[PDB]
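Residue numbers (the numbering used here), protein chains in the order written: chain A, 1 to 49; chain B, 1 to 49.
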Amino acid sequence: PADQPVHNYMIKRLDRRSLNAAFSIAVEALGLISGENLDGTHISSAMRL
Amino acid sequence: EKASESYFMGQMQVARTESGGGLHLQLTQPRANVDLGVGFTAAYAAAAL
């Protein structure tokens with residue numbers, strides 16, 4: 001007698017992890033970037049760059 | 001004197017810190033100075049007693 005085409009069934013689980021990294025920024029160089037008070041020359045200074 | 005001390009005003013800074021009784025809003029500002037003229041530029045006078 002013949003044979004039948006067998007097959008199997010597999011169930012797998014998703015194992016969860018997570019990575020993280022961080023940096024900072026100095027309070028002295030905070031307002032130097034976003035601060036829109038600098039009118040005419042500090043907007044193209046060297047320390048801003 | 002007519003101009004004894006130089007003087008530079010920095011940029012104001014805020015500093016929030018959460019708490020129970022509300023919120024603390026320590027606000028700071030850094031400043032700098034230097035004298036210029038040779039010799040002294042000020043004096044005492046122990047006037048009264």
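From the three backbone atoms N, C-alpha and C, an ideal C-beta is built for every residue, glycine too.
Helix, strand or coil: how does DSSP classify residue i here?
| i | result |
| --- | --- |
| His42/A | helix |
| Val6/A | coil |
| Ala48/B | coil |
| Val38/B | coil |
| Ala26/A | coil |
| residue 50/B | Residue coverage of chain B in this structure runs from 1 to 49, which leaves residue 50/B outside it and unanswerable. |
| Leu32/A | helix |
| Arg17/A | coil |
| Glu18/B | strand |
| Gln26/B | strand |
| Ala43/B | coil |
| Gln13/B | strand |
Could you check which residue in the options has the C-alpha nearest to that of residue i?
| i | options | result |
| --- | --- | --- |
| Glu5/B | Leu25/B, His24/B, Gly39/B and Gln13/B | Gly39/B |
| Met47/A | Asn37/A, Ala29/A and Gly35/A | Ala29/A |
| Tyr7/B | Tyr44/B, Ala43/B, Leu36/B and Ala46/B | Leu36/B |
| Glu1/B | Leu27/B, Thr28/B, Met9/B and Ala43/B | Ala43/B |
Assuming residue i and residue j make a contact with CB atoms under 8 Å, what is their CB distance in whole Å?
| i | j | result |
| --- | --- | --- |
| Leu25/B | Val14/B | 7 Å |
| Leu23/B | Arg31/B | Not really, about 26 Å apart at Cβ, beyond 8 Å. |
| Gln11/B | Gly31/A | 6 Å |
Check: Mind listing which residues of the region 7–29 of chain B have their C-beta closer than 7 Å to chain A's C-betas, in chain order?
Finding: Listed by position along the chain: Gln11 and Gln13.
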